[PDB]
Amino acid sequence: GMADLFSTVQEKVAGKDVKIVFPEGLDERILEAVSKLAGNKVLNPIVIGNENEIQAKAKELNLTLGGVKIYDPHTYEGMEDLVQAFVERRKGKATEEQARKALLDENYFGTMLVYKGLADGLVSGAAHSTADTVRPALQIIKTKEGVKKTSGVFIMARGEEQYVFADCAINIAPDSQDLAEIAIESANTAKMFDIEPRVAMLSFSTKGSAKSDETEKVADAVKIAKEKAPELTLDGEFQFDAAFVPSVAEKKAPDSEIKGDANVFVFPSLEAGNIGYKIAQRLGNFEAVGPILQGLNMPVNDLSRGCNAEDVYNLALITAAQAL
């Protein structure tokens, strides 16, 4: 099912020994996943925390920290090189004493590391709010070329069915500019899982039906997106019908690239997207892969507190894929 989908990712990732930092060094979920990732030599895990503590924790979990590297912010040699890199990146917003204090935090340390090439991607979240992960990710590592914000996609899968759901996690109330972006960036993220982009900007009316600011927003959003990325197959302001079942596509809106065959759905707002993926999951019995951030300079992803020890492993595979 969804598993067939990760082996695809792990295929590209395995062997290229990509470094992924896991700030939550004492978390057994992280440890178990790290211990196994290193054990099968899929990628190079870098844990963060006190070595003696981490080592002892791994032993009570009957684990071994094989090809696993450990960095402790209170011992790390490159500190001032880092502390100085941080203050410079914060363009004055940070004193030296501040940066020093800041970098003693596992998430910030781990991010400075990804930032200075000493790691290729970060993976945290199993013991921090999603903000605490995405925060530094935005102060330090920043967004790529023509991107202004990050968004969280969700790979959805049921047997052969695989879709992407646009920003059901970060941006609360996106505007025309943002939606256009989420669409384009999601289409790129969908490439990673070997899916062929076909975006459908969702709303509560199809190409005209109801006309309010809400439908304009999405509509406007489609112009901007079609304008920026002309080749991307994406038409806009579709109800889920029009976007999902072909019969309804020709009735409500023919003469449109999307012929009721969209596989990347961009929601109009966080209220619709979050409730959306969740209904698809709990009601449609679709497997759902947690929020995957996108559009950053370097891969950074957020696990859910109470995640699975195998969720850490897979987020890791997705994160290392984004870096490759």
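Start at 1 with the first residue shown and count on from there.
For the pair 163-171 and 226-234, the record assigns the higher mean C-alpha temperature factor to 226-234. Annotation for 194-202 versus 97-105: the higher mean temperature factor (C-alpha) is found in 194-202. Of all the options 256, 269, 62, 294, the entry's greatest CA B-factor is assigned to 256. Within the selection 84, 186, 133, 143, the deposited Cα B-factor values reach their highest point at 143. When the modelled residues of the chain are ordered by C-alpha B-factor, residue 80 sits in the middle third. Annotation for residue 290: C-alpha temperature factor in the middle third relative to the rest of the modelled chain, per the entry. When the modelled residues of the chain are ordered by their C-alpha B factor, residue 40 lands in the highest third.
The deposited CA B-factor of residue 14 belongs to the highest third of values across its chain. Ranked against the other modelled residues of its chain, the C-alpha B-factor of residue 153 as given in the entry falls in the lowest third.
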